[PDB]
Amino acid sequence: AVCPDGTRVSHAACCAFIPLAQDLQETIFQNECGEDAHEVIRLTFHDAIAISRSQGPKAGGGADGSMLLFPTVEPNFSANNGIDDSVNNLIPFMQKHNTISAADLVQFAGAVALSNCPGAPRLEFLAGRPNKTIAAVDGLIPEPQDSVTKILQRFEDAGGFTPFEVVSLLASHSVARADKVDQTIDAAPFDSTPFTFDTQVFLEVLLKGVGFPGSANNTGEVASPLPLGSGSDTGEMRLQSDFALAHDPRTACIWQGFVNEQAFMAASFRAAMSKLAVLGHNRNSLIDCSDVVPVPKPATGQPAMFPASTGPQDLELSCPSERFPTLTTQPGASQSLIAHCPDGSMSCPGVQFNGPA
Ligand code: HEM
Ligand SMILES: *[C@@H]1O[C@H](CO)[C@@H](O[C@@H]2O[C@H](CO)[C@@H](O)[C@H](O)[C@H]2NC(C)=O)[C@H](O)[C@H]1NC(C)=O
Ligand SMILES: *[C@H]1O[C@H](CO)[C@@H](O)[C@H](O)[C@@H]1O
Ligand SMILES: [Ca+2]
Ligand SMILES: [Ca+2]
């Protein structure tokens, strides 16, 4: 089909996603892997994962736009703290781009957001999810204080995800920060490169923790290897769940296996996201609109490296059967600040709409 803008695409039903991508980029992401992009990526997961094989369809419909269509229900669950901003940012697009279901909007917006993160894959994007659903029930969203048994079971019950697929999906913590875990600090990144879809999170969670970016007593948090912050440049935070996954016998080798393995990580993330994005649907009933996902920014191709103030002597290794790679260390005696903005500048406020969530 040829779309009104002249773009030739696979299927006529994919045309409306072209102006949606442009609007999302111009309005909320600015082609950056920044605050608003991160928030949308998280929303893609919280929308999709609220489904349960065991509980049946009344517990939730998966990747169904329930977050947008019932903005006063799930976003107010404690496990969804902070999801409100992303919901409020996407509702105006749902209202304007009113040929595209809320469910499809969520998944597409995440694909567009991810495309702004150097190294990310170009997600598969299938379209045609209905615009009607139910609000999900509480308890379906993994929380950082949860055990590996509980996490793995939650993902198995949501969609048959394997441990490999779970850890693959956690590549998203390469482009992720926390506002709610610690009340006293904002935007605490989970790796030293929160604007770059690289393997640094996998490396950095394996380092010995030496302090906290904020306070020491938060649920779901453990000591960080890079806790130094100053001004807007908050120190790295470590989630208990990521730590636990990195060390548990079920997942330690998978976790380590992504260190310095960018292409492997990105491909594995793509495959798991292909499954996540269609929870609640038969994929054989959705049309393939992958060709209207923007082309992602490429990695530079550089290997993972130990951040300054860390090195191999700081590793806490847990995979007996796989050799930990040889990596360089960035020079310097003390920790570098992790920039708050994609350009290293002093100001980069994200666009935010008010709304019902
Ligand atoms: C065991 C599973 C997981 C747990 C326990 C978990 C937990 C968390 C927590 C606690 C935060 C910080 C929220 C805040 O305080 O502001 C966060 C952020 C984030 N998570 Fe996860 N997460 C998990 C899986 C995922 C997956 C599967 C994805 C997507 C594929 C995802 C994407 C993100 C993103 C992009 C952010 C950053 C949001 C921002 O910077 O605004 N997470 N996660
Ligand atoms: C999907 O459902 C939503 C929610 O009902 C629809 O949103 C409405 O969109 C119209 C414009 O078409 C606006 O006038 C309303 O204000 C919106 N309602 C709400 C509650 O925000 C949306 O149009 C539907 N989309 C599709 C593809 O059917
Ligand atoms: C980042 O900053 C630290 C200092 O805070 C250095 O040690 C490192 O070399 C890099 O310049
Ligand atoms: Ca949902
Ligand atoms: Ca990163």
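Here Cβ is always computed from backbone atoms with ideal geometry, including for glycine, and neighbour counts include all displayed protein chains. Basis: the model, the stated rules and, where named, an outside source; none is laboratory data.
Brief remarks follow.
- Note on the range 297-318: residues that are hydrophobic (A, V, I, L, M, F, W, C), more than 11 Å from ligand 3 (Cβ to nearest atom) and in contact with a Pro (Cβ under 9 Å, 6 or more places away or on another chain) amount to 3.
- Matching entry among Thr99, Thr133 (being in contact (Cβ under 8 Å) with a residue 24 or more places away in the chain, surrounded by fewer than 16 Cβ atoms within 10 Å (Cβ to Cβ) and part of a loop (DSSP other than H, G, I, E, B)): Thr99
- Qualifying residue in the range 18-38 (condition: in contact with an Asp or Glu (Cβ under 8 Å, 6 or more places away or on another chain), more than 16 Å from ligand 2 (Cβ to nearest atom), assigned to a helix (DSSP H, G or I) and farther than 12 Å from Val112 by Cα): no
- Given (1) loosely packed, with under 12 Cβ neighbours inside 10 Å; (2) in contact (Cβ under 8 Å) with a residue 12 or more places away in the chain; (3) more than 21 Å from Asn89 (Cα to Cα), number of the condition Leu327 does not satisfy: (1)
- Qualifying position, being of a type outside the set (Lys, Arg), surrounded by fewer than 14 Cβ atoms within 10 Å (Cβ to Cβ), within 16 Å of ligand 5 (Cβ to nearest atom) and touching a residue at least 12 places away in the same chain (Cβ under 8 Å), among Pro307, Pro298, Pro342, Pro356: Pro298
- Residue identified as under 17 Å from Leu226 (Cα atoms), touching a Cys at 6+ places or on another chain (Cβ under 8 Å) and not assigned by CATH to the domain that holds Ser86 among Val181, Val205, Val175: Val175
- Any hit, the range 329-344, residues being of a type in the set (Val, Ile, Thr), away from ligand 2 (no atom under 16 Å from the Cβ), under 30 Å from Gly61 (Cβ atoms) and under 23 Å from the mean Cα position of the chain (by Cα): no
- Looking only at the range 131-183, and only at residues there that are within 30 Å of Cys341 (Cα to Cα) and of a type in the set (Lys, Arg), the one that is farthest from ligand 3 (Cβ to nearest atom): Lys180
- Selection within the range 179-217 - more than 30 Å from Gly301 (Cβ to Cβ) and surrounded by 20 or more Cβ atoms within 10 Å (Cβ to Cβ): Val181, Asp182, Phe212, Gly214
- Whichever residue in the range 58-88 is within 11 Å of ligand 1 (Cβ to nearest atom) and aliphatic (A, V, I, L, M) and, among such residues, is farthest from the chain's Cα centre (by Cα): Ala79
- Number of residues in the range 331-357 that are out of contact with any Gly (no Cβ under 9 Å at 6 or more places or on another chain) and hydrophobic (A, V, I, L, M, F, W, C) equals 5.
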